[PDB]
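Worksheet: one structure, shown below.
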Amino acid sequence: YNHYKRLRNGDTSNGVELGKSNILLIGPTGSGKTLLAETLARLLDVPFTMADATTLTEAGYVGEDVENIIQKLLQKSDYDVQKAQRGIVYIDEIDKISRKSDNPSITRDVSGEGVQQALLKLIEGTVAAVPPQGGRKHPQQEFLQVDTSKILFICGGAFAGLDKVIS
Amino acid sequence: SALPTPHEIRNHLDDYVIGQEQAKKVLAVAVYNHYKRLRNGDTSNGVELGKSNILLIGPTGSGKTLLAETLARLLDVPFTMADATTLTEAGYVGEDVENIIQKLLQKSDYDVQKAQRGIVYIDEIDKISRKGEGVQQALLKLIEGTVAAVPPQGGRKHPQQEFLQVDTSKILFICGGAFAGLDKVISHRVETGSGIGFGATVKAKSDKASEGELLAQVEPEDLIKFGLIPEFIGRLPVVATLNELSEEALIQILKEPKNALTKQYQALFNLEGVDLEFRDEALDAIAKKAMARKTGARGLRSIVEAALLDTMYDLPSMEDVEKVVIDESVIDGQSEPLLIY
Amino acid sequence: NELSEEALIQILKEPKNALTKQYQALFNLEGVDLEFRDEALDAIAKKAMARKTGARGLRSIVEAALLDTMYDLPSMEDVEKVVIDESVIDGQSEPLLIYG
Amino acid sequence: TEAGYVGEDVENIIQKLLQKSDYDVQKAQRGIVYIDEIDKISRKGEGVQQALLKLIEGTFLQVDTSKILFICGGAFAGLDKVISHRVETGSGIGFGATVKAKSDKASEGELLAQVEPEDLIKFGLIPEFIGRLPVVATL
Amino acid sequence: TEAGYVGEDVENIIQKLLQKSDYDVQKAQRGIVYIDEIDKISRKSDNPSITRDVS
Amino acid sequence: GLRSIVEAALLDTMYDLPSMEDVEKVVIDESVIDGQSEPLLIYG
Amino acid sequence: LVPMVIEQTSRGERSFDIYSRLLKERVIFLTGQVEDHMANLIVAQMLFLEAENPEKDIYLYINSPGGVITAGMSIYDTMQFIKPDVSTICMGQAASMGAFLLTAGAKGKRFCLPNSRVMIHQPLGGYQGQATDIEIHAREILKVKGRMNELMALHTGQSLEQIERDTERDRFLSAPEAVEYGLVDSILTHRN
Amino acid sequence: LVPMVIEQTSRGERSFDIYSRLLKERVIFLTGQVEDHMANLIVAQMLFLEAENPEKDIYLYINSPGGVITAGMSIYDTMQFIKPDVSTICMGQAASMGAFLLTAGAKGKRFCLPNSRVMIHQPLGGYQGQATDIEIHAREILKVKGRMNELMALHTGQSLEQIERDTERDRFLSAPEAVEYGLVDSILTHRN
Ligand SMILES: Nc1ncnc2c1ncn2[C@@H]1O[C@H](COP(=O)(O)OP(=O)(O)O)[C@@H](O)[C@H]1O
Ligand SMILES: Nc1ncnc2c1ncn2[C@@H]1O[C@H](COP(=O)(O)OP(=O)(O)O)[C@@H](O)[C@H]1O
Ligand SMILES: [Mg+2]
């Protein structure tokens, strides 16, 4: 509801700059975390895409990058940055990129802390560097620019073991 | 073109596969359903039918691949396979999971409709359990629907150049593997927990059927002890166990099949005007040989070929010969089949 | 919150994409009704909690109970409806195939 | 190379033999095709073996791969070791009967002569690659 | 570098030789080619197979 | 963290306020932040 | 000094003790003289098996020359109290306490090897002190003797008076002779 | 101190004791005097090997100055009970019980070293107490001697009477003499 309102009020004529509130879904296994995301798209009227954090890695590595998330959103938004800048995202398995009690920072956890350090500006807002092309667009150097300061980013995980930490 | 009833599918599968009667029924109805839905996109309602994956937990040299291969060949659909031990998570040198989709598209001949009706066959699922876990986490999504990004190339510059998507919620994922040790795990849950001692049950009577009946009683909890994460098991509702090829089976396995090794030589020798026979005693010796090397039925091709190599080198150099009767001593290499013309 | 036995029973009937509605729609393709006794659903829920499989295990449980039924169903005729019951899930009986 | 690469493709070889056949399908149908340099691409490249599945099954006027016999030379690197991991058996530390030949060799060519399909896959080969090679000649 | 890439191609080696040969095919095919630093292209990668070893 | 507090405090309020009608003002108090009380609605 | 072994499974490799590895299979070894420390330790093994699975049989291999009476009777109450069936195996030697713990096993699950020896005798004791104190201990040990014989006769199926004569003095019995008395149900010689 | 060794395998490297390493190879060491604690330990090892491979031979190296007879009969029953063949090797010294366990191996798998020593005699024992108890113990040990000699004659092949005459006193025999008597099947001098 709040998101939809921001869209109708995207002109933001009022001097204030309305922010966004990102959600963090925590639930036991087999409870329906990834189900609610698939069920919301059935009624949404705006581009929505799903992803997984077990395939993401820091920049400059063989794995995936955090900017791929915005590429999937354009496939669903007919490569319309304006529409893509007012869509919702759902990052599944956000609990598998958590440091394995490596508080001393022994090595670089490109699959854990490394991925978290790359999203700190995507959830807040920054001029993301979209991958060269994943659509009709033929060139690659274009490096389409997009702003993520009005793009909701949901993150869900199972956090197996957090129940003990709480107790 | 009304799909064939499971009975027909079983009767056909029986022709090329002797035994594993329970698994045949499972893989007949399970796939008859997986396709009855795809041919009817709508359901005269707002329901969204799901997918049911098949888990083939069988012993080595049991023919899990054969069943999958034969099931696809009986029909006209694409078929691909893989090996879990040759895959790894992202960031590592190991082949990425997306690579599997490439092979599927290659076999599909640059088509989506066909590819959507394909049956991939993962193998060697075991040995990548806990203590890896990361590799089992990625596959957890692929088997339950994923809009993957596959490079559109390999089909002579595919007109589509937008990282062509493929829905993975309609592909039958027949994930197999030889779970070495599960038989013991199950026995500790369904019978006496004594494996060592005077009152335990040592498996030394060549009771190859024991494992088959044991695996039939497998439950998801049994798999958790093996290492398999609960979520992965949940994605595979259907489970079909395969028995262990017995000595009688081996002799039988190359008797009935239309593509039996014995019949194969009969066809080519008949083209030259000479007959070929295989005394049952010879077959009994062959069976023991395969168990001595534990090469299932893969090594039967080398046994008979080696035993008939010399023979083939002399038959075209002879005349008036119209019959051959292989004896038990022919295979060991101490005799040559008599030529009675 | 973790799902309970009661929640599992509700998931099998209320959701638009419930297993019952899915398998029932499948049986309608061949012109035969598929009925599920409410007492049977309670058995399945207990089984799932005993197997620690959650909602995903429900499909596995039902498949084992309806495997043989669908093996001969498409090859026969004059079968108007089937009535699944708790005993089928236990494995001490066979589903009755009403003829008509 | 891969079917999507720029370098030599599997279709290229089909063309090579087409010229020798005089654009006669009958000639190119049976004509032997000996594949050389097969011992360097061997899975340690990895992508080549995947790019060969098509050529194994047999995927201008297209010429079907009906009877164009395929051969390979020196493909494996350490097959001998793989064979011993499936044929050589016995005991380790002990007396008498127990084998004490862990640093002694008997024959190298004999191992290759007794190679089994299992050993092939055990070194990294794929089922279809060897699935269409029902014979083996030990040099 | 391998053919296609932005780097030099082995084919240019013959071009250099032609300059010395004065574009004379005969003299060109009778020249000598000294390839220094041949020990630098001894591939050390641990079988990645994703990309190629252009050098 | 402040955004979390305001959202959680007004989470329930936003779920039912749009359905309601004849409402002009709303006043939040310290007791609403603890959960013991509920934010009142100035109907009219 | 005690050798270690590994149990290979899908999870990985785990090093286990030779005696500990068998405990996983519900097997307990009763070796050496009976005492409080070894007897209490055996009881812990029995309870642990009950916690893991109260429905699977427990195997007890006995090899002892006898010992304290109080320590031995502690095990008897532990085997009969818990639900699991306890299988007793006589190996090499079984004295009054070892044999008492042998016939106390589950019916139809009491085995003994052919080359095994079993001895039974009345309990032993003693006390030094005042006369009135000796009468108390002398009267107590008599109850133990009669109480123990009542259990031996009940599990064996023999009569109390007959058992008293047999246990009046040291009575050596072989494996086949043991079956006649009823101490055991069968003899294990070879598999199947 | 017992040193450690590393074993390279598919999963990686695993550390084992020198005795544990040989146990993995179906080899058991019988060192020192024969007592209940050592015998029960060896029995657990033998049964453990049966589970891993009930069809493979087991190697038992015997080097002992002797021990209690009850312990030996416990191990002898185990060899006859379990299906896999047990190979007995005598290295160094072998007394009455060591020799009895040496000839109890699988027929055709009994080896002996050229400078190995084998000693055989009748059982030893004693008892102090009343005459009635001495008579009981006297008959008990007498039965053991007859039971042991009967088994010794079966494996060796010699007549029962010959065993009695030769076992009246300590009898020392070398590797070649053992073959003639039948206590062993072959002599190992050099590999192959
Ligand atoms: N509350 C629920 N209502 C209906 N179905 C559910 C519910 N929770 C789980 N499921 C079932 O579980 C599957 C999805 O599980 P998933 O959301 O991946 O579990 P988790 O979120 O714990 O990983 C679906 O097939 C769905 O039918
Ligand atoms: N019933 C059977 N009939 C014919 N061949 C069989 C049968 N069972 C097994 N096989 C043989 O097994 C081989 C395939 O097994 P494989 O794919 O190696 O199984 P896995 O990969 O699970 O070890 C085939 O070559 C096939 O000939
Ligand atoms: Mg989920």
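Protein chains in written order, with the deposited numbering: chain R, 93 to 259; chain L, 62 to 192, 204 to 413; chain A, 315 to 413, 425; chain H, 149 to 192, 204 to 218, 235 to 314; chain V, 149 to 203; chain X, 371 to 413, 425; chain S, 2 to 193; chain D, 2 to 193.
We put the CB at the ideal spot given by N, CA and C, even for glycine.
Identified DSSP bridge partners for residue i
i: residue 5 of chain D; result: D/18
i: residue 94 of chain D; result: D/118
i: residue 89 of chain S; result: S/61
i: residue 187 of chain S; result: S/112
i: residue 395 of chain X; result: X/412
i: residue 46 of chain D; result: Per DSSP, none; premise fails for residue 46 of chain D.
i: residue 348 of chain A; result: A/396
i: residue 40 of chain S; result: Looking at the DSSP assignment, residue 40 of chain S forms no beta bridge with any residue, so it has no partner.
i: residue 172 of chain D; result: D/121
Within chain H, partners of residue i - CB distance below 7 Å
i: residue 367 of chain L; result: 291, 293
i: residue 126 of chain L; result: 302
C-beta contact flag for residue i and residue j at 7 Å
i: residue 258 of chain R; j: residue 115 of chain R; result: no
i: residue 157 of chain S; j: residue 104 of chain S; result: yes
i: residue 35 of chain D; j: residue 72 of chain D; result: yes
i: residue 174 of chain S; j: residue 112 of chain S; result: no
i: residue 142 of chain D; j: residue 130 of chain D; result: no
i: residue 240 of chain R; j: residue 220 of chain R; result: yes
i: residue 380 of chain L; j: residue 304 of chain L; result: no
i: residue 30 of chain D; j: residue 62 of chain D; result: yes
i: residue 205 of chain H; j: residue 197 of chain V; result: yes
i: residue 378 of chain A; j: residue 319 of chain A; result: no
i: residue 56 of chain S; j: residue 268 of chain L; result: no
i: residue 400 of chain A; j: residue 349 of chain A; result: no
i: residue 150 of chain S; j: residue 162 of chain S; result: no
i: residue 139 of chain L; j: residue 176 of chain L; result: yes
Interface residues of chain R facing residue i [CB-CB closer than 8 Å]
i: residue 391 of chain X; result: Under the 8 Å cutoff, chain R gives no residues; its nearest Cβ is about 16 Å from residue 391 of chain X.
Chain-ordered neighbours of residue i on chain A, where CB pairs are closer than 9 Å
i: residue 120 of chain R; result: 315, 316, 317, 368
i: residue 123 of chain R; result: 315, 316, 317, 368, 369
Where residue i meets chain R, residues with beta-carbon distance less than 9 Å
i: residue 265 of chain L; result: Correct list: empty, because the minimum Cβ distance to chain R is about 29 Å.
7 Å Cβ cut-off: residues of chain R touching residue i
i: residue 235 of chain L; result: 226
Partner residues on chain D for residue i, Cβ-Cβ distance less than 9 Å
i: residue 258 of chain H; result: Going along chain D, no residue has its Cβ under 9 Å from residue 258 of chain H, so there is no contact; the nearest lies around 16 Å.
7 Å Cβ cut-off: residues of chain D touching residue i
i: residue 79 of chain L; result: Correct list: empty, because the minimum Cβ distance to chain D is about 28 Å.
Interface partners of residue i on chain L, CB under 8 Å
i: residue 205 of chain H; result: 156
Closer than 7 Å at the beta carbon, the chain V residues around residue i
i: residue 192 of chain H; result: 195
Partner residues on chain L for residue i, Cβ-Cβ distance less than 7 Å
i: residue 217 of chain H; result: The contacting residues do not exist; residue 217 of chain H stays about 13 Å from chain L at best.
Interface residues of chain L facing residue i [CB-CB closer than 9 Å]
i: residue 82 of chain D; result: 270
Proximal chain S residues relative to residue i, where beta-carbon distance stays under 8 Å
i: residue 399 of chain L; result: Ordered by position in chain S, no residue passes the 8 Å Cβ test against residue 399 of chain L, which lies about 36 Å from the chain.
Where residue i meets chain A, residues with beta-carbon distance less than 8 Å
i: residue 23 of chain L; result: With chain L running from 62 to 413 in the structure shown, residue 23 of chain L is simply not present.
Inset, instruction - Tell me the start and end of each unbroken beta strand (DSSP E) in the stretch 108–170 of chain S that is at least 3 residues and wholly inside, in chain order. - result: As for any beta strand (DSSP E) of minimum length 3 sitting wholly inside the stretch 108–170 of chain S, the runs are 118–121, ordered along the chain.
Inset, instruction - For the stretch 294–321 of chain L, enumerate the residues whose C-beta is nearer than 8 Å to any C-beta of chain H, in chain order. - result: Correct list: empty, as no residue qualifies.
Inset, instruction - Check distances from the C-beta atoms of the stretch 102–113 of chain R to those of chain X and list, in chain order, the residues that come in under 8 Å. - result: Against chain X - using a Cβ distance shorter than 8 Å - the residues of the stretch 102–113 of chain R are 111, 113.
Inset, instruction - Give the residues from the stretch 45–65 of chain D that approach chain L closer than 9 Å (Cβ to any Cβ), ordered along the chain. - result: For the stretch 45–65 of chain D, which is checked against every Cβ of chain L, the residues closer than 9 Å are 45, 48, 49, 51, 52, 54, 55, 56.
Legend entry - Positions along the stretch 157–168 of chain H whose CB lies within less than 9 Å of some CB in chain V: Flagged: no residues at all.
Inset, instruction - For the stretch 243–311 of chain L, list the beta strand (DSSP E) runs that are entirely contained and at least 3 residues long, ordered along the chain. - result: The stretch 243–311 of chain L contains these whole beta strand (DSSP E) runs: 244–249.
Legend entry - the stretch 2–34 of chain D: positions lying closer than 9 Å to chain H by Cβ: Against chain H - using a Cβ distance shorter than 9 Å - the residues of the stretch 2–34 of chain D are 22, 23, 25, 26, 27, 28.
Legend entry - Segments assigned alpha helix (DSSP H), at least 4 residues, entirely inside the stretch 100–168 of chain L: Whole alpha helix (DSSP H) segments, 4+ residues: 125–135.
Legend entry - Interface positions of the stretch 269–281 of chain L facing chain D (Cβ-Cβ less than 9 Å), listed along the chain: Hits within the stretch, in order: 269, 270, 272, 274, 275, 276.
Legend entry - Segments assigned alpha helix (DSSP H), at least 4 residues, entirely inside the stretch 196–229 of chain R: List check, alpha helix (DSSP H) in window: 205–211.
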